[PDB]
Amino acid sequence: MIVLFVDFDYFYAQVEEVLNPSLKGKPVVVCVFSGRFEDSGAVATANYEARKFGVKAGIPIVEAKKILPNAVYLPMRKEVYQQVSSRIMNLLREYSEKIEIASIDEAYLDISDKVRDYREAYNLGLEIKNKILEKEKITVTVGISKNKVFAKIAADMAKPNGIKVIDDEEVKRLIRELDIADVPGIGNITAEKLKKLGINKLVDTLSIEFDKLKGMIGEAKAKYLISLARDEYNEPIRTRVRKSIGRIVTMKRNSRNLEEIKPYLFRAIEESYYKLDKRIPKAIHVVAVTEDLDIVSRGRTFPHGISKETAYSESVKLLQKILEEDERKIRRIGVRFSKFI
């Protein structure tokens, strides 16, 4: 089994450059403005320029401006990046019938049957780099290995504009030499949990009682890490089927008043329903981020599919339930549909 994984590079920033070559060689920052005040909000992606100087996703815009007050600041245009993504996604279907589109900027293929060894795989990776660059002038990063996991890692090693195979020789090395928090699916929380069990490498999960591991990180997380460690992770490249759809917006000022939050919830419903795209949900959820950024949700499932007037009048009832069952204020409010037909 051979997996080729593609991560487009610095994607929203990169698309903004193609539409406007003037931003070649300039630091570029793409953001989501709150409208809470002047420049309020966060960064979503920056290009390599702005990025090597500290500017990264997740950070407040004003902070990003204290670092590079002379870099370019762009309001994001999700629609645009989306379209470009699809076109590039299509370009990939030439190379395999076996494709997994993971996200707007990421996909896997299963080239096991098009390439004889890892050598032809590399060339293939170069054929696809050449192609996207020819058609859309977009640079991507290719990461080849023998499972979805090491493919992604290979790609994270060579990022950006790079390419990188990880043969079984290097896989075997990485299981005992790679920092365990560079494993996909291991964010800071799980990392500190793993540090406190002395597991700082993928193999260290082979010399610990399962029960003890299952105690710190749970059953499912355990199995996962052990499977890579014994080198038997075989998750097949299957097509993704959207399981849920929603929108969530940041309120200009924080509030507990039902009337003030009401319009935001309603906007979020209008976007979510339009995104549904001839799909009918049985399950609705109202999701709220509190003044201290704790997530609080209330939901409900229906034996039939949800109509938009029902969605309106049930979300008001769930939002009520939140303000009754919690005393914090709210800064973000949204809905999420799921359990389709």
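Rigid core here is just the name for the largest C-alpha set that superposes within 1.5 Å across the two forms. Residue indices: 1-based, along the sequence shown.
Just give me the stretch that moves more in 8 other deposited structures of this protein: 189-197 or 263-271, judged by RMS C-alpha distance after a core fit.
Between 189-197 and 263-271, greater C-alpha deviation in 8 other deposited structures of this protein belongs to 189-197.
Which of the two stretches, 322-330 or 12-20, moves more in 8 other deposited structures of this protein when the core is held fixed, judged by C-alpha RMS distance?
With the rigid core superposed, the C-alphas that lie farther in 8 other deposited structures of this protein are those of 322-330.
For the stretches 202-210 and 258-266, which has the higher mean C-alpha B-factor as given in the deposited record?
So the stretch with the higher mean C-alpha B-factor is 202-210.
Would you mind finding, among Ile237, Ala107, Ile245, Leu91, the residue with the largest C-alpha temperature factor in the entry?
So the option with the highest C-alpha B-factor is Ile237.
Check the PDB entry and point out which of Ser145, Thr139, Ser96, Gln82 has the largest C-alpha temperature factor.
In the PDB entry, the greatest C-alpha B-factor among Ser145, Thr139, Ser96, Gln82 is found at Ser96.
Compared with the other modelled residues in the chain, in which third is the CA B-factor of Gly162?
Within its chain, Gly162 is a lowest-third residue by C-alpha B-factor, going by the deposited values.
How does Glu100 rank on Cα B-factor within its chain, lowest, middle or highest third?
Tercile = middle for this residue's CA B-factor.
By the recorded C-alpha temperature factor, relative to the other modelled residues in its chain, which third is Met1 in?
It belongs to the middle third of the chain when residues are ordered by C-alpha B-factor.
Once the chain's modelled residues are ordered by C-alpha B factor and cut into thirds, is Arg331 in the lowest, middle or highest one?
Middle third.
What third of its chain's C-alpha B-factors does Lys252 belong to: lowest, middle or highest?
For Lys252, the deposited C-alpha B-factor lands in the lowest third.
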